[PDB]
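Heads up: the structure comes next, in structure tokens.
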Amino acid sequence: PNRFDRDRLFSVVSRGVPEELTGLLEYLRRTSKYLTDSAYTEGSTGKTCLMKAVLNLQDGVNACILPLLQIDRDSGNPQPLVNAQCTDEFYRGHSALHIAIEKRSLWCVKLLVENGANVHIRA
């Protein structure tokens with residue numbers, strides 16, 4: 001439960017259960033890496049864990065988002081996966097804020113903007 005991989009982290013966030021997220025901070029402070037690294041994001045497009053987390057919601061609730069964002073800001077590159085955007089020509093610049101706004105929800109927008117972001121970021 002210390003060494004984390006993209007696939008298992010994506011499965012963890014997908015279920016919306018935040019109990020097994022104990023270990024992200026320990027790994028990030030042990031291997032000296034952030035959560036915005038290529039090791040956790042898609043290598044073809046640039047999709048990150050926040051993206052998969054917000055693409056799946058249980059009737060509009062995903063409790064893992066709060067622990068994920070707080071741990072991200074607790075340790076991360078000056079962009080806490082809120083300005084890190086896709087790179088594929090199909091979806092260049094596509095960030096988490098647009099994806100959150102897509103599903104026709106508002107709370108996710110509240111949290112994403114509150115923790116800080118670049119609302120002017122464009123795709």
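Identifiers in the structure tokens: chain A, B, ... in order shown; residue index from 1 per chain; ligand index from 1 in order shown.
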Tell me, which residues of stretch 12-117 of chain A carry DSSP alpha helix (DSSP H), written as a ChimeraX atom specification? /A:12-15,24-30,49-55,65-74,96-102,107-114
Name all residues at most 12 Å from residue A:48 (count only C-alpha atoms; drop same-chain ones fewer than 2 positions away) and give them as a VMD selection string. chain A and resid 6 to 7 9 to 10 13 35 to 46 50 to 55 68 80 to 87 94 to 96
Could those residues be written to a file, using N, CA, C and O atoms, as a compact mmCIF listing (two decimals), in the first residue's frame?
# COMPACT_ATOMS: atom_id res chain seq x y z
N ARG A 6 -0.74 3.79 -11.49
CA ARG A 6 -1.84 4.53 -12.11
C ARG A 6 -3.12 3.70 -12.13
O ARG A 6 -4.20 4.20 -11.81
N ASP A 7 -3.01 2.42 -12.50
CA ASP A 7 -4.21 1.60 -12.66
C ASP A 7 -4.93 1.40 -11.33
O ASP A 7 -6.15 1.59 -11.24
N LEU A 9 -4.66 3.16 -8.57
CA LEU A 9 -5.17 4.44 -8.08
C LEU A 9 -6.46 4.82 -8.80
O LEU A 9 -7.40 5.32 -8.18
N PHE A 10 -6.51 4.60 -10.12
CA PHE A 10 -7.73 4.89 -10.86
C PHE A 10 -8.88 4.02 -10.38
O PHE A 10 -10.01 4.50 -10.22
N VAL A 13 -10.04 5.45 -6.94
CA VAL A 13 -10.84 6.67 -7.02
C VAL A 13 -12.19 6.39 -7.67
O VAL A 13 -13.20 7.01 -7.32
N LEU A 35 2.09 14.10 -7.56
CA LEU A 35 1.00 13.35 -8.17
C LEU A 35 0.72 13.77 -9.60
O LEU A 35 -0.08 13.12 -10.28
N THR A 36 1.38 14.83 -10.09
CA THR A 36 1.23 15.30 -11.46
C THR A 36 2.27 14.69 -12.39
O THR A 36 2.45 15.17 -13.52
N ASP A 37 2.95 13.64 -11.95
CA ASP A 37 4.00 12.99 -12.73
C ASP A 37 3.39 12.10 -13.80
O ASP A 37 2.23 11.69 -13.72
N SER A 38 4.20 11.82 -14.82
CA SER A 38 3.77 10.91 -15.88
C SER A 38 3.45 9.52 -15.35
O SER A 38 2.71 8.77 -16.00
N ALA A 39 3.97 9.16 -14.17
CA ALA A 39 3.74 7.83 -13.62
C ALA A 39 2.28 7.58 -13.28
O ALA A 39 1.87 6.42 -13.19
N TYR A 40 1.48 8.64 -13.09
CA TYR A 40 0.08 8.50 -12.71
C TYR A 40 -0.89 9.02 -13.75
O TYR A 40 -2.11 8.87 -13.57
N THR A 41 -0.41 9.64 -14.83
CA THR A 41 -1.27 10.20 -15.85
C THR A 41 -1.07 9.45 -17.16
O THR A 41 0.00 8.89 -17.41
N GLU A 42 -2.10 9.46 -18.00
CA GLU A 42 -2.03 8.77 -19.28
C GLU A 42 -0.87 9.32 -20.10
O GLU A 42 -0.72 10.54 -20.25
N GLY A 43 -0.05 8.42 -20.64
CA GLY A 43 1.11 8.80 -21.42
C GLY A 43 0.83 9.18 -22.85
O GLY A 43 1.72 9.71 -23.53
N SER A 44 -0.38 8.92 -23.35
CA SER A 44 -0.76 9.25 -24.72
C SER A 44 -1.49 10.58 -24.81
O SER A 44 -1.25 11.36 -25.74
N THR A 45 -2.37 10.87 -23.85
CA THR A 45 -3.15 12.10 -23.84
C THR A 45 -2.70 13.06 -22.74
O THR A 45 -2.43 14.24 -23.02
N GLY A 46 -2.61 12.58 -21.50
CA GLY A 46 -2.26 13.43 -20.38
C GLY A 46 -3.29 13.38 -19.27
O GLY A 46 -3.19 14.11 -18.28
N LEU A 50 -7.51 12.97 -11.22
CA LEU A 50 -8.69 13.81 -11.01
C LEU A 50 -9.68 13.63 -12.14
O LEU A 50 -10.90 13.63 -11.92
N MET A 51 -9.18 13.49 -13.37
CA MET A 51 -10.05 13.39 -14.53
C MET A 51 -10.94 12.15 -14.43
O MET A 51 -12.17 12.24 -14.53
N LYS A 52 -10.32 10.99 -14.20
CA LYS A 52 -11.10 9.76 -14.06
C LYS A 52 -12.03 9.84 -12.85
O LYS A 52 -13.16 9.34 -12.90
N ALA A 53 -11.57 10.47 -11.77
CA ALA A 53 -12.41 10.59 -10.58
C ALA A 53 -13.68 11.37 -10.89
O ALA A 53 -14.77 11.00 -10.45
N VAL A 54 -13.56 12.46 -11.66
CA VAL A 54 -14.73 13.29 -11.93
C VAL A 54 -15.57 12.75 -13.09
O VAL A 54 -16.75 13.10 -13.19
N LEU A 55 -15.00 11.93 -13.97
CA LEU A 55 -15.80 11.33 -15.03
C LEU A 55 -16.80 10.31 -14.50
O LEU A 55 -17.76 9.98 -15.20
N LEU A 68 -8.29 13.75 -2.12
CA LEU A 68 -7.33 13.80 -3.21
C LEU A 68 -6.78 15.22 -3.37
O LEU A 68 -5.56 15.41 -3.46
N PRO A 80 -1.47 22.21 -8.78
CA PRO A 80 -1.98 21.03 -8.07
C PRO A 80 -3.03 20.26 -8.87
O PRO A 80 -4.16 20.06 -8.42
N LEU A 81 -2.65 19.82 -10.07
CA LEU A 81 -3.52 19.04 -10.95
C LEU A 81 -4.84 19.74 -11.24
O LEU A 81 -5.82 19.10 -11.63
N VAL A 82 -4.88 21.06 -11.07
CA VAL A 82 -6.03 21.86 -11.48
C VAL A 82 -5.73 22.69 -12.71
O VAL A 82 -6.67 23.10 -13.40
N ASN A 83 -4.46 22.95 -13.01
CA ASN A 83 -4.05 23.57 -14.26
C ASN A 83 -3.35 22.61 -15.20
O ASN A 83 -3.18 22.93 -16.38
N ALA A 84 -2.95 21.43 -14.71
CA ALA A 84 -2.39 20.41 -15.58
C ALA A 84 -3.47 19.90 -16.52
O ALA A 84 -4.50 19.37 -16.08
N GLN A 85 -3.23 20.05 -17.82
CA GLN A 85 -4.23 19.81 -18.85
C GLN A 85 -3.72 18.79 -19.86
O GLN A 85 -2.52 18.48 -19.92
N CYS A 86 -4.65 18.27 -20.66
CA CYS A 86 -4.31 17.26 -21.65
C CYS A 86 -3.44 17.87 -22.76
O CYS A 86 -3.36 19.08 -22.93
N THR A 87 -2.78 16.98 -23.51
CA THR A 87 -1.87 17.39 -24.56
C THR A 87 -2.19 16.79 -25.93
O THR A 87 -1.63 17.25 -26.93
N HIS A 94 -7.57 20.65 -22.67
CA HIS A 94 -8.71 20.20 -21.88
C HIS A 94 -8.28 19.92 -20.45
O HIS A 94 -7.42 19.07 -20.20
N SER A 95 -8.88 20.63 -19.50
CA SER A 95 -8.53 20.53 -18.09
C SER A 95 -9.69 19.92 -17.30
O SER A 95 -10.72 19.54 -17.86
N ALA A 96 -9.50 19.84 -15.98
CA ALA A 96 -10.50 19.22 -15.12
C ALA A 96 -11.73 20.10 -14.96
O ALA A 96 -12.84 19.58 -14.78
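Interatomic distance, atom CA of residue A:23 to atom CA of residue A:113: 25.8 Å.
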Using only C-alpha atoms, which protein or nucleic acid residues come within 12 Å of residue A:106? Drop anything in the same chain fewer than 6 positions from it, and give the result as JSON, numbers by chain. {"A": [60, 61, 97, 98, 99, 100, 112, 113]}
Please produce an output containing C-alpha atoms for each residue in the selection, written as a PDB file, in the first residue's frame.
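Result file selection_34.pdb:
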ATOM      1  CA  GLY A  60     -23.343  13.226  -8.217  1.00  0.00           C
ATOM      2  CA  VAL A  61     -21.215  12.427  -5.145  1.00  0.00           C
ATOM      3  CA  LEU A  97     -12.697  22.312 -14.743  1.00  0.00           C
ATOM      4  CA  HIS A  98     -14.348  21.944 -18.157  1.00  0.00           C
ATOM      5  CA  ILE A  99     -14.918  18.223 -17.569  1.00  0.00           C
ATOM      6  CA  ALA A 100     -16.504  18.947 -14.191  1.00  0.00           C
ATOM      7  CA  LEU A 112     -12.285  23.014  -7.863  1.00  0.00           C
ATOM      8  CA  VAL A 113     -12.389  26.819  -7.931  1.00  0.00           C
TER       9      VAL A 113
END
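The two atoms in question, atom CA of residue A:1 and atom CA of residue A:76, are spaced 19.9 Å apart.
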Can you pull out the residues contacting residue A:71? Cut-off 10 Å, using only C-alpha atoms, and skip same-chain residues under 4 positions away; I want them as a ChimeraX atom specification. /A:21-22,24-25,28,35,65-67,75-76,80
Could you write out that same residue set with N, CA, C and O atoms as a PDB file, in the first residue's frame?
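Okay, out_32.pdb is ready:
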ATOM      1  N   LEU A  21      -6.936   5.510   0.601  1.00  0.00           N
ATOM      2  CA  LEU A  21      -6.018   6.514   0.084  1.00  0.00           C
ATOM      3  C   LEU A  21      -4.893   6.833   1.059  1.00  0.00           C
ATOM      4  O   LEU A  21      -4.043   7.675   0.755  1.00  0.00           O
ATOM      5  N   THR A  22      -4.869   6.186   2.221  1.00  0.00           N
ATOM      6  CA  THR A  22      -3.786   6.361   3.183  1.00  0.00           C
ATOM      7  C   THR A  22      -2.516   5.758   2.597  1.00  0.00           C
ATOM      8  O   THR A  22      -2.375   4.536   2.513  1.00  0.00           O
ATOM      9  N   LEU A  24      -0.682   7.883  -0.066  1.00  0.00           N
ATOM     10  CA  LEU A  24      -0.250   8.769  -1.143  1.00  0.00           C
ATOM     11  C   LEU A  24       0.813   9.745  -0.653  1.00  0.00           C
ATOM     12  O   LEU A  24       1.862   9.907  -1.285  1.00  0.00           O
ATOM     13  N   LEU A  25       0.561  10.399   0.483  1.00  0.00           N
ATOM     14  CA  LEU A  25       1.536  11.342   1.021  1.00  0.00           C
ATOM     15  C   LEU A  25       2.847  10.643   1.351  1.00  0.00           C
ATOM     16  O   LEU A  25       3.931  11.178   1.087  1.00  0.00           O
ATOM     17  N   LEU A  28       4.708   9.952  -1.882  1.00  0.00           N
ATOM     18  CA  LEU A  28       5.164  11.192  -2.500  1.00  0.00           C
ATOM     19  C   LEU A  28       6.343  11.794  -1.747  1.00  0.00           C
ATOM     20  O   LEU A  28       7.224  12.402  -2.367  1.00  0.00           O
ATOM     21  N   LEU A  35       2.085  14.101  -7.558  1.00  0.00           N
ATOM     22  CA  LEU A  35       1.000  13.346  -8.165  1.00  0.00           C
ATOM     23  C   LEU A  35       0.724  13.770  -9.604  1.00  0.00           C
ATOM     24  O   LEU A  35      -0.078  13.120 -10.282  1.00  0.00           O
ATOM     25  N   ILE A  65     -12.699  13.091  -3.910  1.00  0.00           N
ATOM     26  CA  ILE A  65     -12.172  14.334  -4.466  1.00  0.00           C
ATOM     27  C   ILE A  65     -11.565  15.200  -3.369  1.00  0.00           C
ATOM     28  O   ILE A  65     -10.499  15.796  -3.551  1.00  0.00           O
ATOM     29  N   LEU A  66     -12.241  15.305  -2.222  1.00  0.00           N
ATOM     30  CA  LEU A  66     -11.729  16.143  -1.139  1.00  0.00           C
ATOM     31  C   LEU A  66     -10.392  15.642  -0.606  1.00  0.00           C
ATOM     32  O   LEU A  66      -9.430  16.431  -0.554  1.00  0.00           O
ATOM     33  N   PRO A  67     -10.258  14.379  -0.181  1.00  0.00           N
ATOM     34  CA  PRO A  67      -8.926  13.901   0.227  1.00  0.00           C
ATOM     35  C   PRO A  67      -7.896  14.021  -0.876  1.00  0.00           C
ATOM     36  O   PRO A  67      -6.741  14.377  -0.609  1.00  0.00           O
ATOM     37  N   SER A  75       1.260  18.313  -1.118  1.00  0.00           N
ATOM     38  CA  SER A  75       2.524  17.981  -1.771  1.00  0.00           C
ATOM     39  C   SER A  75       2.272  17.946  -3.272  1.00  0.00           C
ATOM     40  O   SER A  75       1.562  17.060  -3.757  1.00  0.00           O
ATOM     41  N   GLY A  76       2.845  18.897  -3.994  1.00  0.00           N
ATOM     42  CA  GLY A  76       2.664  18.942  -5.430  1.00  0.00           C
ATOM     43  C   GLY A  76       3.405  20.116  -6.031  1.00  0.00           C
ATOM     44  O   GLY A  76       3.778  21.069  -5.337  1.00  0.00           O
ATOM     45  N   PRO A  80      -1.467  22.206  -8.778  1.00  0.00           N
ATOM     46  CA  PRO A  80      -1.981  21.028  -8.069  1.00  0.00           C
ATOM     47  C   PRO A  80      -3.028  20.258  -8.870  1.00  0.00           C
ATOM     48  O   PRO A  80      -4.164  20.060  -8.424  1.00  0.00           O
TER      49      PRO A  80
END
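Distances from A:111, A:101, A:69, A:123 to residue A:89 were compared using only C-alpha atoms, and the smallest one belongs to A:123.
Residue nearest residue A:30, chosen from A:11, A:59, A:2, A:47 and counting only C-alpha atoms: A:2.
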Between A:73, A:115, A:120, A:108, smallest distance to residue A:93 by only C-alpha atoms belongs to A:120
Point out the residue among A:16, A:8, A:90, A:110 with the least atom-to-atom distance to residue A:56, counting only C-alpha atoms. A:16
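With atom CA of residue A:26 on one side and atom CA of residue A:57 on the other, the separation reads 26.8 Å.
When only C-alpha atoms are used to compute distances to residue A:78, the closest of the residues A:49, A:12, A:117, A:109 turns out to be A:117.
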